[PDB]
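Structure first, commentary second.
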Amino acid sequence: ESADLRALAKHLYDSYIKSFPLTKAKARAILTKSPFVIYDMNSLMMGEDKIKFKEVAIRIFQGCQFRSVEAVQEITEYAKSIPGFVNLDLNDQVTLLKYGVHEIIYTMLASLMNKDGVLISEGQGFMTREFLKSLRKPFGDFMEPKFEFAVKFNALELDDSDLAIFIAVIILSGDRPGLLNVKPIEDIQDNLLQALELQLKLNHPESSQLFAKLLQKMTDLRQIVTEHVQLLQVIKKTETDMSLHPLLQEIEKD
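Numbering (the authors' numbering), first residue to last: 207 to 238, 244 to 264, 275 to 475.
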């Protein structure tokens, strides 16, 4: 019954709102109180006279990782609201979050990107794409593929009510390595898929095959994740004096 797929849609959209303070709709309002724009070395030092936040590239990287840690917490809180998620085997909950969290982070980061740059510090700042592309040789391309994905992902013009269902689908992937009870996970994702399909078809009636096109974006995400972790291993051996947050260290071990 369709009425049950709309209730699920509304439920998840409500929890997403409650779980993620910087929504896509607020980010689009900002990008179209305006942000401080960092674009070079000196605007970054200026950026602290107006914003409040050991070499530049490292420090930028550490900020990205700290907001990843913050994002992991919000995604975790959002997952608990997905009906059936908390009744799963505790080890699988951990597995679902372990392999889903990076895919969601870059899904939602696209909401804060345009082709020119990315919102930071809860939207108070805006770091341009080329300044990021210009950092020291390892870090200078840590954000570029995310920009590439974001530009194609944002072409679908999903809004938040769409992303809430989509993010739910990503968490509940039976595909993940080490899952003990694949079946009850898939039974939920199948119901989330049903909710998303009806959601896209109602929210974007003129956007044919958006559902299918959204599902194909699930391959670009996994590529972003992969080159991210290899990039992370290059840093760990190139920067033996730079630490990483253990919540992220524990999650990045696959």
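Heads up, the beta-carbon is just placed ideally off N, CA and C, and yes, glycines get one too.
(message) Suppose contacts are defined by Cβ-Cβ distances below 9 Å. Is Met463 in contact with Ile456 by that definition?
(response) Translated into the one-based positions of the sequence shown, residue 463 becomes position 242. Translated into the one-based positions of the sequence shown, residue 456 becomes position 235. Closer than 9 Å, so yes.
(request) Taking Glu298 as the reference, give the member of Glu207, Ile388 and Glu351 with the closest Cα. (result) The residue given as residue 298 occupies position 77 in the sequence shown. Looking at the Cα atoms, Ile388 is the closest of the given residues.
(request) Pick helix, strand or coil for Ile406, following the three-state DSSP scheme. (result) For the purposes of this step, residue 406 is identified with residue 185 of the sequence shown, where counting begins at 1. In the structure shown, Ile406 sits in a helix (DSSP, three-state: H, G or I).
(request) Could you tell me the boundaries of the beta strand (DSSP E) in which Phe347 lies? (result) To locate residue 347, count along the sequence shown from 1; it is residue 126. Element bounds for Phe347: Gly346 to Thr349.
(request) Measure from the alpha carbon of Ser221 to the alpha carbon of each residue in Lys434, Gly395 and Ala385, then state which is nearest. (result) Within the sequence shown, residue 221 is the residue found at index 15, counting from 1. Nearest of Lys434, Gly395 and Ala385 to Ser221, Cα basis: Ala385.
(request) Enumerate in chain order the residues of its own chain whose CB-to-CB distance from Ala233 is below 8 Å, with the five nearest sequence positions on each side excluded. (result) Locating residue 233 in the sequence shown gives position 27, counting from the first residue. Same-chain partners within the cutoff: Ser332, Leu333, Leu340 and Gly344.
(message) Going by DSSP in three states, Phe387 sits in which element: helix, strand or coil?
(response) Stepping through the sequence shown from its first residue, residue 387 is reached at position 166. Here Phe387 sits in helix by DSSP.
(request) Compute the Euclidean distance between the alpha carbons of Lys438 and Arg397, then round it to the nearest angstrom. (result) Here residue 438 corresponds to residue number 217 of the sequence shown, with the count starting at 1. Here residue 397 corresponds to residue number 176 of the sequence shown, with the count starting at 1. Their Cα atoms are separated by approximately 17 Å.
(request) May I have a chain-ordered list of the alpha helix (DSSP H) segments no shorter than 4 residues that lie completely inside the segment 309-369? (result) 311-331 and 350-354
(message) Do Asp381 and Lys230 count as a contact pair if the criterion is CB distance below 9 Å?
(response) Residue mapping note: residue 230 aligns to position 24 of the sequence shown, counting from 1. Residue mapping note: residue 381 aligns to position 160 of the sequence shown, counting from 1. Closer than 9 Å, so yes.
(request) Name the residue from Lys263, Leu353, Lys404 and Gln470 whose alpha carbon lies nearest to the alpha carbon of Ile279. (result) The count along the sequence shown starts at 1 and reaches residue 279 at position 58. Taking only the C-alpha atoms, the option nearest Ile279 is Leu353.
(message) Three or more C-beta pairs under 8 Å: does that hold for the segment 414-431 against the segment 305-323?
(response) no
(message) Check for me: the alpha helix (DSSP H) holding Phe264 runs from which residue to which?
(response) Working through the sequence shown from its first residue, we reach residue 264 at position 53. Counting along the chain, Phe264 falls outside any alpha helix (DSSP H), and DSSP gives it neither H nor E.
(request) May I ask which residues mark the beginning and end of the beta strand (DSSP E) holding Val248? (result) As a position in the sequence shown, residue 248 is number 37, starting the count at 1. It spans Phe247 to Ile249 - the beta strand (DSSP E) in which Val248 sits, taken as one unbroken run.
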